[PDB]
Structure formats: C-alpha cells, structure tokens
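Just so we're on the same page: letters track the sequence lines, and every chain starts at 1.
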Amino acid sequence: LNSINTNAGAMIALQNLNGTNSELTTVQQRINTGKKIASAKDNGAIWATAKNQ
Amino acid sequence: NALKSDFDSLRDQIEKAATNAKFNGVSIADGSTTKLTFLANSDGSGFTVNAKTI
C-alpha cells in the first residue's frame, strides 16, 4: 500500500515514544522522591506495611 | 533482698526486650512461631529461617 490518507508507522512510533515517556515519568517521580515505593499507587502492600510500621 | 530486687528487674527487662522485637507484625525471636519463610526464587522456593526464641 502507498496511501496518502494514513501511515501506521507514525502510530507505532507514537506508541513507543509514549512508553518511553511513561518510563521517564516513573524514573522522574522516583528521583524527586528518593524512594521506589513512595505512594500507594506504586505498590500498595509494601507501602501500607511501611506506613504502619 | 536488694540483690533479689535487682535480679527481678533485670529479668523483667529481658521479658520486655524479648516481647518487643517485632517487625511488620511478626517476630523470629519472641517464640510466637517455629519458622519464617521468605521467597528465594521465581518458582516459589523459600529461604527458611528457623525461629530461635530468646
């Protein structure tokens, strides 16, 4: 296909770029807090355990 | 009598120090359980640590 109306490769590049953006957001939250479990959204079990302890 | 009172105070302090040694609601030295098992591999194998009551 040599269509003018759509191009799936740009879509796949957007998905990969958004996944890299999400992983950067995770690393950025973990660097600005200094903890890998800094909130219940990260992982609730160890989070609540450390909070009560 | 004074030496006996010192002995009893030391013994009560050991009992408190033994009872208070817990983390995350469990203890390996208070005698509440025989052993604790932590994950050792991805298949579910454990790393047993026998309790040693003090």
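Taking the side-chain contact (heavy atoms from CB on, under 4.5 Å) definition, one finds that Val26(B) meets it with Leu36(B), sequence neighbours left out. Applying the side chain to side chain donor-acceptor pair (under 3.5 Å) rule to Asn7(A) yields no partners; only residues at least two apart in sequence or on another chain are considered. With sequence neighbours excluded, no residue forms a side chain to side chain donor-acceptor pair (under 3.5 Å) with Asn16(A).
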Distance-only check: which donor-acceptor pairs under 3.5 Å involve side-chain atoms of residues 44-53 of chain A, not counting sequence neighbours?
residue, atom, partner, partner atom, Å
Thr49(A), OG1, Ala45(A), O, 3.0
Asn52(A), ND2, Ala48(A), O, 2.6
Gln53(A), OE1, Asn24(B), N, 2.8

Going by atom type alone, with no hydrogens or angles, which donor-acceptor pairs under 3.5 Å involve a side-chain atom of residues 44-54 of chain B and a protein atom two or more places apart or on another chain?
residue, atom, partner, partner atom, Å
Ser45(B), OG, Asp43(B), OD1, 3.4
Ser45(B), OG, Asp43(B), OD2, 2.9

Solution key, residues 13-22 of chain B side-chain donor-acceptor pairs under 3.5 Å, sequence neighbours excluded:
residue, atom, partner, partner atom, Å
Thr19(B), OG1, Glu15(B), O, 2.9
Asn20(B), ND2, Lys16(B), O, 2.7

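Environment of CG in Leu14(A): crowded, with over 12 heavy atoms of neighbouring residues, nucleotides or ligands closer than 6.0 Å. Counted within 6.0 Å of CD1 on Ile31(A), heavy atoms from surrounding residues, nucleotides or ligands total 12 or fewer; the atom is thus considered open. Within 6.0 Å of CG on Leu24(A) lie more than 12 heavy atoms contributed by other residues, nucleotides or ligands.
In the hydrophobic cluster analysis, where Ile, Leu, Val, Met, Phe, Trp and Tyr join through side-chain heavy atoms closer than 4.5 angstrom, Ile28(B) is grouped together with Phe38(B).
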Between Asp42(A) and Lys35(A), does a side-chain contact (heavy atoms from CB on, under 4.5 Å) hold up when you go through it step by step? CA-CA 10 Å; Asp42(A) 286 345; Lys35(A) 298 165 170 197; over 6 Å; no
Yes or no on side-chain contact (heavy atoms from CB on, under 4.5 Å) for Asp8(B) and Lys4(B), after CA distance, side-chain angles and deciding distance? CA-CA 6 Å; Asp8(B) 302 321; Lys4(B) 173 191 207 182; 3.6 Å; yes
Before you tell me yes or no, could you show the steps for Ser3(A) and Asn5(A) under side-chain hydrogen bond (donor to acceptor under 3.5 Å, both in side chains), namely the whole-Å CA-CA distance, both residues' side-chain angles and the distance that decides it to 0.1 Å? CA-CA 6 Å; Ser3(A) 66; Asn5(A) 293 112; over 6 Å; no
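A distance of 12.0 Å separates CD in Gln15(A) from OG1 in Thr20(A), rounded to the nearest 0.5 Å.
Residues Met11(A) and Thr6(A) form a side-chain contact, since some pair of their non-hydrogen atoms from C-beta on lies under 4.5 Å apart.
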